[PDB]
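Just the one chain here, laid out as structure tokens, in the form deposited in one PDB entry.
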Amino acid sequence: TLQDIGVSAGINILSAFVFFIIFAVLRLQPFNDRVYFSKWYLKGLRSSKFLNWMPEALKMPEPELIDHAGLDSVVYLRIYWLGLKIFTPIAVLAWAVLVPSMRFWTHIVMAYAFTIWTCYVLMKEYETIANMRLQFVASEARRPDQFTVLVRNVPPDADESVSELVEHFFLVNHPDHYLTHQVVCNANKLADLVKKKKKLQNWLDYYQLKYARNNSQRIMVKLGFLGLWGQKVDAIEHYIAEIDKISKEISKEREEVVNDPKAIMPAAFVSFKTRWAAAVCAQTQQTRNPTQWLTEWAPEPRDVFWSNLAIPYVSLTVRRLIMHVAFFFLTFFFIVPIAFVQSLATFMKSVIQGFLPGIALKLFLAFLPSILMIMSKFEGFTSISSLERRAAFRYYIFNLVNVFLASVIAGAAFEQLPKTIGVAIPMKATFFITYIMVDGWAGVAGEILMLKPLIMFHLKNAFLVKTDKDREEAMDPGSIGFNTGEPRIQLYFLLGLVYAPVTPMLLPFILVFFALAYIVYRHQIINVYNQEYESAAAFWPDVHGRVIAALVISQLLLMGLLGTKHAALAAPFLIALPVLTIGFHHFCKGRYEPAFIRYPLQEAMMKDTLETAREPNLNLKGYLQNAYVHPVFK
């Protein structure tokens, strides 16, 4: 209802207003400067009107930002821009023809206008990003991955070790390009022990400091609530003893793992003298058996997810299948909070009952990012970049089924107390309007505050910091959050396209959201969020794929909705929409995707040639030899 929207909007607008004021004040306090401006310290640049920050955020045009933040951050940010390019003219047209037989034909025509515009824009954006990627890569600094190919499923041999098989194999098949190699080892036990040792030290330091300040008796029952019901009577000597125990376990484990041939996985990082050679290995079949001696570009050293390297290659299919099933159940059992929320969604008292379902849904979805990253880690991927992309994919599907589809269905089920979809879709538009103001407008404004790291920064300074530069760990903003930023906005691209020929009233909320998200994230990208890995926008083709899916869904729903008119004869025309859209997808795929998947040999040659000319005496072997060993082994 209009009264509900009026009230909900006022609530979210005021919260955003207030959050920005609070932000404006907190950021001026010098004691938290390392939280709000964590970058620039990380980069060695810094030491020691409330909304002015908005226009400041618009400085640093793409080329400055790409070098400052990285390509992924810039390409990600452009997604919000993309949506404005697509939806603004849709909103204008839809409003113009829906807001004051022919209605029937109008909807059909609108579908083509919207599809065509969207496809046009996506084509141009896809191409632009591909060009950005090539320039970025061409000018990229030297990194170990440029010369390194990861070899998987090296076949077993009764006499030769993995190292021996790999060296021989490559000297024969890649003679005078082969440089060196490093065998993958199953050091997970060791790494796990080492991480625990560090955790124990933090607690020891905590208690030593607490005691030094107040020289009294400790009573910590491990967890306090459900720990082991002891007292940790000395607590300093308790943690010292626990540390001494693990220290010995670590010394022992290091000696056993480095002398245990069973710690060797049939995999290795293989390096080459030139990038050209690496480029070749990454793109050709090596042996007769298509699932042996497999090659791919190695992740850069801090993209490598070391835990997954211990998974036998051959077990990956099973892990993936199990998770396909788990995903179903995850999606399936979420219907309970959906139905709950839709039940809730039914004068000041009623406007809040109207408002709150938005929040309830948001809260139930709060732990989804965690669940999905965990199941993604279970499936082996071996890199951070791949895992984050995989989880984003699953999140997206979940939103389609649980946030959009199930909500419409559950909605109709409650309202009802054969094409019922005819009213269920426009009916529930009210819900989505409230929802977008809640995890959207208000959400983004709240995020600029960075309250979570603010608090942890200060607590660490208060209790764990003892000396200088341990404040470097306190100062950790995390990443941009591709994992949640992207599937969230895809929900909105879908809803926009679904309702543009139905309910034009939804689009103004979507447009505000895209505009807001753009300015808030641009601001933060510049000041916070140091990147954990540099992908050259590898995720872009997936973003594209998902938008196309949204077009197909909207087109199909329209066909359904207009399939009620007697002698509608809608299908002879509407069928063209998913056909042409799919055709468009394949065209763009074949024409532009190679930019993101295969490295042209010519680029490798130009790059190798120039590097040599610029640096004629590079000890490449020394450079690459110690890369990719393991962080646990120094």
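Numbers follow the displayed sequence, beginning with 1. Whichever C-alpha set is largest while still superposing within 1.5 Å between the two forms counts as the rigid core.
What comes next is about the form deposited in another entry, which does not appear here.
Following superposition on the rigid core between the shown form and the other one, the residue from 79, 280, 265, 257 with a C-alpha displacement of 2 angstroms or more is 257, and no other. Taking 2 Å as the criterion, residue 462 counts as shifted between the shown form and the other one: its C-alpha moves by at least this amount when the rigid core is aligned. Once the rigid core is overlaid between the shown form and the other one, residue 302 does not reach a Cα shift of 2 Å, moving by less than that. Superposed on the core, the two forms differ at residue 361: its CA moves 2 Å or more between the shown form and the other one. Compared with the form shown here, the C-alpha atoms of residue 494 and residue 357 sit at least 3 Å farther apart in the other form.
Relative to the displayed conformation, the Cα-Cα distance from residue 259 to residue 163 shrinks by 3 Å or more in the other form.
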